[PDB]
Structure formats: C-alpha cells, structure tokens
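Colleague: Quick one: the structure is below, and I'll ask about it shortly.
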Amino acid sequence: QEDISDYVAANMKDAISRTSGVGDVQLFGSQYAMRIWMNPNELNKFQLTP
Amino acid sequence: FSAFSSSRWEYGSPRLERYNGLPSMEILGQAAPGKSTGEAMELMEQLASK
Numbered sequence: 151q152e153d154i155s156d157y158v159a160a161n162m163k164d165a166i167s168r169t170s171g172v173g174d175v176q177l178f179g180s181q182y183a184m185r186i187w188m189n190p191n192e193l194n195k196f197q198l199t200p
Numbered sequence: 801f802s803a804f805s806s807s808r809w810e811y812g813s814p815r816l817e818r819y820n821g822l823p824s825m826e827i828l829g830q831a832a833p834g835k836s837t838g839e840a841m842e843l844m845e846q847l848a849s850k
C-alpha cells in the first residue's frame, strides 16, 4: 500500500494535481514519511522521553 | 572551531533548476541557419530518446 502510494504521490499526484481540467486530488493511501517508532520500555530504560 | 570541525573541499551546484515540480536542467539551442525550428525539435526529440 504505502509502496505504491509513495510512487503515486512522488511521481504522478503532483503532475495530475496541476493537469488541465483538474481541481482537487485526493490520494488513497500515503506518501512516505520517516516513520520512527519509539519503545516505552527502551524509552524508560535509558531514562529518556519522546 | 578547529576543536570540533572537520573541514574539506568539494563541489556543489550554484543553480538548481526545476521544471514542473522536478529537478531539471535547461538547454538552449538553435536550428541550422535556413532551418525550420520544427525539424530541429524533431531531431532533438530523437536524441533525447537514447
């Protein structure tokens, strides 16, 4: 999902959102973000917070 | 600074161009003196395909 979604979002969705005759574009899915998943154990461990 | 700064020389671009949202580089050019621009354009399109 996120794979395709990224390709769409970083190659196509931006040429289509300008493309002639087109208004609002909505993506089904999501472009890639740096998704960084904390561990509360491993956060309580080194005495560190978000 | 020399206490915490590693320093070297490298290259870099002084002008970063974009066309339609994406990184691009612009090529000017002409057609031979008594030439139709459309001929030149066709040749150009035939080079850029390799």
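Taken in order, these protein sequences are the chains called A and B.
Reminder that position 32 of the first sequence reads as 182 in UniProt numbering, one-by-one numbering, no gaps.
Reminder that position 15 of the second sequence reads as 815 in UniProt numbering, one-by-one numbering, no gaps.
Don't be surprised by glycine CBs; every beta carbon is placed ideally from N, CA and C.
1. Tell me, please, whether the CB atom of A:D153 is closer than 8 Å to any CB atom in chain B?
2. Quick check on the DSSP output: the alpha helix (DSSP H) that includes B:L822 runs from which residue to which?
3. Out of curiosity, what's the CA-to-CA distance linking A:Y157 and A:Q181?
4. Along chain A, in chain order, which residues have C-beta atoms closer than 9 Å to that of B:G821?
5. Mind checking whether A:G179 and A:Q151 have CB atoms under 8 Å apart?
6. In the DSSP assignment, what are the bridge partners of B:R818?
7. Where does A:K195 fall in DSSP's three states?
Modeller: Here's the rundown:
1. In terms of beta-carbon proximity, A:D153 stays away from the interface with chain B, with every pair separated by 8 Å or more.
2. Here B:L822 belongs to no alpha helix (DSSP H); instead the beta strand (DSSP E) covers 822-824.
3. A:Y157 and A:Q181 have their C-alpha atoms some 8 Å from each other.
4. Here the neighbours are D164, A165, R168.
5. Less than 8 Å separates the beta-carbon of A:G179 from that of A:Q151.
6. As computed with DSSP, B:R818 is found in a beta bridge with B:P823.
7. For A:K195, the secondary structure class from DSSP, reduced to helix, strand or coil, is coil.
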